[PDB]
Amino acid sequence: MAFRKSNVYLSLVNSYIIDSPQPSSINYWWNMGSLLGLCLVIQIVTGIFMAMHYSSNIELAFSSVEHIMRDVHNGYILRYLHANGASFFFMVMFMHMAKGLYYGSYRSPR
Amino acid sequence: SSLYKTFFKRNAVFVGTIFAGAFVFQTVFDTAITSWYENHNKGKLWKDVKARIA
Amino acid sequence: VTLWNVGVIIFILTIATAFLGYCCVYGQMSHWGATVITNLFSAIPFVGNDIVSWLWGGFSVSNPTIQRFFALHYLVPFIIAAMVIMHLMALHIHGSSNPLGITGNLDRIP
Amino acid sequence: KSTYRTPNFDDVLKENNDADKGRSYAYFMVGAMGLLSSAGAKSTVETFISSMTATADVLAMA
Amino acid sequence: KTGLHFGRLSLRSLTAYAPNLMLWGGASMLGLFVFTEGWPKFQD
Amino acid sequence: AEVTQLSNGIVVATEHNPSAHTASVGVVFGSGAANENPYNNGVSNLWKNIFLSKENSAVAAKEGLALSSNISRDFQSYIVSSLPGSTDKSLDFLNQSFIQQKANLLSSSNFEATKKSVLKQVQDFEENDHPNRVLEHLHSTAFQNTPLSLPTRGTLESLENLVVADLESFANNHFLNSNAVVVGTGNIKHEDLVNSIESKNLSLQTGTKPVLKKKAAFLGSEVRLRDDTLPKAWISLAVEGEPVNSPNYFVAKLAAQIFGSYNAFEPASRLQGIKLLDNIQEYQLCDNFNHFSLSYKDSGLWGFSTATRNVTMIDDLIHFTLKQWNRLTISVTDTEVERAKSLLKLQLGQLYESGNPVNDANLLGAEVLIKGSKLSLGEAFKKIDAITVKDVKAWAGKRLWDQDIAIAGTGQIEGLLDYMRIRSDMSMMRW
Amino acid sequence: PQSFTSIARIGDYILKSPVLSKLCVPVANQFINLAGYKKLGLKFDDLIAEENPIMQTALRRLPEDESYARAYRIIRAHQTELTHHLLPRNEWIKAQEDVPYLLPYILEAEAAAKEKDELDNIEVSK
Amino acid sequence: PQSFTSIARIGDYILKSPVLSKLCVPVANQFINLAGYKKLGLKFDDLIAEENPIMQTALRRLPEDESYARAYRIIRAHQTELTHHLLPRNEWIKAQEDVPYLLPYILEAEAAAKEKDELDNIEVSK
Ligand SMILES: CCCCCCCCCCC(=O)OC[C@H](COP(=O)(O)OC[C@H](O)COP(=O)(O)OC[C@@H](COC(=O)CC)OC(=O)CCC)OC(=O)CCCCCCCC
Ligand SMILES: CCCCCCCCCCCCCCCCCC(=O)OC[C@H](COP(=O)(O)OCCN)OC(=O)CCCCCCCCCCCCC
Ligand code: HEM
Ligand SMILES: COc1c(O)c(C)c(C/C=C(\C)CC/C=C(\C)CC/C=C(\C)CC/C=C(\C)CC/C=C(\C)CCC=C(C)C)c(O)c1OC
Ligand SMILES: CCCCCCCCCCCCCCCCCC(=O)O[C@H](COC(=O)CCCCCC)COP(=O)(O)OCCN
């Protein structure tokens, strides 16, 4: 067999995003779950790069967010992508739950 | 037609041209966008005000 | 062999973790241990004064160095725990050895 | 009917095969989508890397 | 004299691999030539 | 072993061999199953049969004469076999009741008993002969809406709507004098056949058959006939090939001998010098395969055909085979070209130098209808020895590297993936 | 691992030599009884690692009387260690019973694998 | 889900009633053609969910001529939606062809499951 099916690590990628059997009549409402995986990656990456410049003391916390906005090189891009990304993360999750409430995805065996 | 190994046949020319153009496009798209922005807003930049206080 | 190669990666990430957290106390050993180590990367040919100025966030071991060392110290223990999961997957397909060093499929207990 | 009698595809087929017409226009568009993504993913990595350099108030006290 | 292997990669496929990294490195030199332009990295 | 053509108005070809014990005399026409429309389909299959019908073959057995016929694309044949001191009786059987007085064979009771025998041959073929009814669908889906796709036996409803008026309509347009070659092989001299033909004024009338409205054209397509109650899976797959009197005729035959044929239950078949057999035998992906190179006057087909019982690993057998086809463009070796030269000269020698004069009469009649003359086995051997590694790589990059395929299958073919997962395997993406 | 063809090529040259077998064979008999595998009721061919396709071939071709006896010696050697004892001296392997019973099956599985691999890498010209 | 025994217990009481079938059956025929499953070439029993052991029992006991025809109607209905079209009106399911072909196999699989379960919970005394 192929190397992507005999390796211990490559077979998990092959059995999930390469050779996974899908129903051929699903529509664009079944795309919301992959898009939520991209939303979690953007929130973790932009938050780790902002945690290098942040102070959590109650007399330094407000002014350190201002330091990221004014002093950090491309620091305004990091915050704006983080604060607006949380609203986009909640909008897709409201559309994800409403699809499964519509098409009956909660019933047995799921 | 008869241009395919000159264009996109080779595995190392399918990724060896789209990585080659990825820097040539990177600097000429950056220059032409900056040139358009500073003529749509001509007269308001600091370069135009500093030449008025000469 | 794959079980031994994932183990070497865990050992490098555990050394990096203990170094980053020792610089967060900011004692007198913490400052001069971080000065000696970060000055070693200024000897790399043709790219030497760009890793060290990106590790410092400035011109010496200063306030941007301590703030970014704590944020990386929160993170690498969670990368180690994901390498531990991949470590036990490579163990499950072959099992353990024994002090005799021969096959053990003739006598097994749960 | 018979299984040797295939239905009609002339509603969607071309009137000329011309085997360089199909393999030139379908490699220009997939190639250009990978050229823009190479310059698109490069610019995002450099902006995250550039935030770890010296800030504006550090270079002022130099 | 039939094609020295020490394994399986022999002369019968390195004849096609000797110009294979003409642009297999040509494109790993060029693959870093993507990701190294804007933060300081110059060539020789 | 030399061939002699001599046209006195009628083409007469003959290869003498004075070490043979029998002799064949027949006539071969230059119109086959690729000269029909979809409503008189398989009408040449009813001209073979009534020539072999029981009242016609009882007359021939009373003089020691055997009958044989064959329907294909681009040609048909009607052969009379006998003893070498009796060939003048063989011409008199072809002259009467096939050429001159061919009306008593087309009765109402002889035709109706024959048609219901041809109706049960094609019905048993459609239910039992699975590796051969899949190769028929490969011609049916690659040349659809084009003359080269009609099946040589006809179909079950195109055979039922066929009356006696349709046969003379076919004979009037296709059994003419210029569309014909008279062959004789075995122990028979070339000059005794020529004088015995012109001892009378044996001839026909008109010539200039119809002129074949649509040309042939390849199309990338697939057809799937799944049957879950059958215990196996049969699959064919091909690309466009090299026609007859193409300059890459022997080059496409040498390329199929590189991959050859296989049988999993023969022990000496498992030891062949084929690099594909290393991946096949590790998990036992198939039972047999064979590579072919078909060629006609319009186009050809180059490919392979398999039959497997491992119905969950079908997509690995297609993956490993199509990866080895890529090596003919990029990394074919010189010891694989020299092995296929020796085996091609042995395979061509057993087809053209067998012992059956009926077999050599269909081979001689086709090459004189389509070229005017025969090519020797010494001249074909001189051409095969002059192929290099560069000629194979020049042919392969033109004909199979990143091209369209035609697929056909039946049985338990649920594990066969769709078109674009197979179509993308026609370029390695490592050159 | 080295190969058993290479080991026997070196090891045979020492034994058809009058001055080499003088020196090395007294050293080799001390290396055997300082290993201590005979005290666990084991021959040497039981100790060979078996997770490779040449060694899996040689274990199928073994006769099944010698295959049943080998499976009991291995089971007896696992139970001996978890009690941290040795076997009684009645049940040690003597020096005449430690025969290479698996070396002929190994050496011909390797000569067939070498011949198959040097016929896949061929440079015959005209 | 409710049961098919409970549905038919309620649904039969409406049909042997002169004033109830006056009101409800004109409403029920409008609910059918406002569902639109006939335009995809489907009967109603094709739509029933089948991941339960009572429904898996009734599908094995179906005759295999009706089992082959049901597998083609489902495949035809998946290809119809990904093109976002409807079938031609020649190939719609008429009102006489929508028969309960699977209800008799379902109702006897449920009566045997009820009888087995009420004989496992028994309080017979002396
Ligand atoms: C803020 C987050 C941004 C990212 C959100 C992504 C979009 C989420 C919207 C939810 C959704 O996906 O609903 C889709 C729904 C049904 O989809 P369908 O499969 O039946 O129709 C496929 C059709 O055949 C084209 O399919 P086609 O093959 O043409 O694909 C090309 C199409 C792709 O663009 C999209 O459809 C993205 C939504 O682009 C073109 O049409 C080319 C025009 C030249 O379509 C509808 O029923 C329309 C209802 C409006 C939904 C509004 C949601 C309220 C918030
Ligand atoms: C506890 C919290 C849980 C969350 C509660 C719900 C939060 C509401 C979130 C708003 C987004 C949800 C709206 C869409 C819900 C999913 C609808 C759906 O899954 O698709 C159904 C329908 C598909 O069409 P059909 O498949 O029926 O076509 C016939 C084929 N034979 O497709 C449609 O009908 C789509 C029609 C357009 C829908 C959008 C209309 C506007 C919705 C209001 C949004 C208001 C935002 C401010
Ligand atoms: C956080 C770090 C680690 C954890 C949690 C971990 C965990 C484990 C566990 C649970 C086992 C099976 C039990 C056992 O055989 O003792 C094991 C075996 C093993 N570990 Fe680790 N390990 C770690 C680090 C390492 C390192 C640093 C190496 C080598 C450089 C390594 C190499 C191995 C090997 C080769 C085995 C198999 C040994 C055998 O089966 O005989 N591991 N490990
Ligand atoms: C049919 O059903 C589907 C299906 O539709 C899909 C799309 C998928 C595809 C799978 C997904 C979409 C899953 C998405 C995966 C995740 C959400 C994983 C979780 C992500 C993380 C844990 C992020 C990892 C953390 C980091 C990368 C840290 C980054 C920080 C950095 C790099 C800082 C570095 C610092 C310095 C100084 C360099 C399926 O598997 C699947 O089932 C078969
Ligand atoms: C929450 C945990 C998430 C679980 C992780 C699941 C997804 C992990 C897979 C993601 C892709 C990583 C695959 C690495 C590429 C394949 C590695 C490989 O070839 O296998 C190894 C290479 O050895 C290694 O050093 C592994 C390094 C791991 C690096 C981890 C970052 C080859 O092993 P082998 O040749 O035996 O393959 C079997 C053939 N039958």
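In each ligand, atom 1 is the first atom listed, and ligand 1 is the first ligand listed. Chain letters run A, B, ... following the sequence lines, proteins first and then strands; every chain starts at 1.
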Above 12 or not: heavy atoms from other molecules or residues under 6.0 Å from CD of H:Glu91?
yes
Do the non-hydrogen side-chain atoms of G:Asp117 and G:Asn121 ever get within less than 4.5 Å of each other?
yes
Would a search of protein heavy atoms around atom 9 (C) of ligand 5 find one under 4.0 Å away?
yes
Mutual orientation of the aromatic rings belonging to B:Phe23 and E:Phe33 [parallel < 30°, tilted 30-60°, perpendicular > 60°]:
perpendicular
Would atom 2 (O) of ligand 4 count as contacted, meaning some protein heavy atom under 4.0 Å?
no
For atom 17 (C) of ligand 2, what is the closest protein heavy atom, and at what distance to 0.1 Å?
A:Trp29 CZ2, 4.0 Å
Nearest non-hydrogen protein atom to atom 11 (C) of ligand 2, with distance, is A:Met95 CG, 3.8 Å
Tell me, which protein residue and heavy-atom name are nearest atom 19 (C) of ligand 4, and how many Å apart are they?
A:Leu40 CD2, 4.5 Å
Which residue and heavy atom of the protein sit nearest atom 17 (C) of ligand 5, plus the separation
A:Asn7 ND2, 3.9 Å
Protein non-hydrogen atom below 4.0 angstrom of atom 43 (C) of ligand 4 present
yes
How close does the nearest protein non-hydrogen atom get to atom 27 (O) of ligand 2, and which residue and atom is it?
A:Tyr102 OH, 3.6 Å
Minimum side-chain heavy-atom gap F:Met429-B:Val15 below 4.5 Å:
no
For atom 41 (C) of ligand 4, closest protein heavy-atom neighbour:
A:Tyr16 O, 4.0 Å
What is the nearest protein non-hydrogen atom to atom 20 (C) of ligand 4, stated with its residue, atom name and distance?
A:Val41 CG2, 4.2 Å
Among all the protein's non-hydrogen atoms, which is closest to atom 38 (C) of ligand 4, and how far away is it?
C:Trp54 CH2, 4.4 Å
Less than 4.0 Å from atom 38 (C) of ligand 2, is there any heavy atom belonging to the protein?
no
Go through ligand 4 atom by atom and flag the ones less than 4.0 Å from a non-hydrogen atom of A:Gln22.
1 (C)
Looking only at protein heavy atoms, which one is nearest to atom 26 (C) of ligand 5, and what is the separation?
C:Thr2 CG2, 4.1 Å
Protein heavy atom under 4.0 Å of atom 38 (C) of ligand 5:
yes
Nearest protein heavy atom with distance in Å, relative to atom 30 (C) of ligand 4
A:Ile48 CD1, 4.0 Å
Report the nearest protein non-hydrogen atom to atom 4 (C) of ligand 2: residue, atom name, distance rounded to 0.1 Å.
A:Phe94 CD2, 3.9 Å
Tell me, which protein residue and heavy-atom name are nearest atom 19 (O) of ligand 5, and how many Å apart are they?
A:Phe3 CZ, 3.8 Å
Among all protein heavy atoms in this structure, tell me which lies nearest to atom 9 (C) of ligand 4, with the distance rounded to 0.1 Å.
A:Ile17 CG2, 3.7 Å
min-distance protein heavy atom vs atom 30 (C) of ligand 2 -> H:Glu81 OE2, 4.0 Å
Could you check atom 29 (C) of ligand 4 against the protein and tell me its nearest heavy-atom contact, residue, atom and distance included?
A:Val45 CG2, 3.8 Å
Can F:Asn310 and F:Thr308 be counted as having a side-chain donor-acceptor contact under 3.5 angstrom?
no
Touching ligand 4 at all, C:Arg68? Heavy atoms, strictly under 4.0 Å?
no
Closest to atom 1 (C) of ligand 2 by heavy-atom distance, out of A:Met91, A:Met97, A:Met93, is A:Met97
Of all protein heavy atoms, the one nearest atom 11 (C) of ligand 5 is A:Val13 CG2, 4.6 Å
Would a search of protein heavy atoms around atom 21 (C) of ligand 2 find one under 4.0 Å away?
yes
Provide, to 0.1 Å, the distance between atom 2 (C) of ligand 5 and the closest protein heavy atom, together with that atom's residue and name.
C:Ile85 CG2, 4.2 Å
How far is atom 6 (C) of ligand 5 from its nearest protein heavy atom, and which residue and atom is that?
A:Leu12 CD1, 4.1 Å
For atom 14 (C) of ligand 5, what is the closest protein heavy atom, and at what distance to 0.1 Å?
A:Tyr9 CB, 4.9 Å
Inspect the surroundings of OH in A:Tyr103 and state if more than 12 heavy atoms from other residues, nucleotides or ligands are less than 6.0 Å away.
yes
At what distance is the nearest protein heavy atom to atom 22 (C) of ligand 4, and which residue and atom is it?
A:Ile44 CD1, 4.9 Å
Can you find a heavy atom in the side chain of C:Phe59 that is under 4.5 Å from one in the side chain of D:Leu59?
yes
Nearest protein heavy atom to atom 15 (C) of ligand 2, by residue and atom, and its distance?
A:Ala98 CB, 3.8 Å
Are side-chain N/O atoms of D:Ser50 and A:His73 paired as donor and acceptor at under 3.5 Å?
no
Counting only heavy atoms on the protein side, is anything nearer than 4.0 Å to atom 13 (C) of ligand 4?
no
May I ask you to identify the nearest protein heavy atom to atom 23 (C) of ligand 2, giving residue, atom name and distance to one decimal place in Å?
A:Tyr103 OH, 3.6 Å
Hey, is atom 25 (P) of ligand 2 touched by any protein heavy atom at less than 4.0 Å?
no
Contact bool for atom 30 (C) of ligand 5 (protein heavy atom, d < 4.0 Å)
yes
Any ion pair linking H:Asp98 and H:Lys38 (charged N to carboxylate O, less than 4.0 Å)?
no
Distance flag for atom 7 (C) of ligand 4, protein heavy atom under 4.0 Å:
yes
Contact region, C:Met86 to ligand 5, non-hydrogen atoms below 4.0 Å, reads side chain
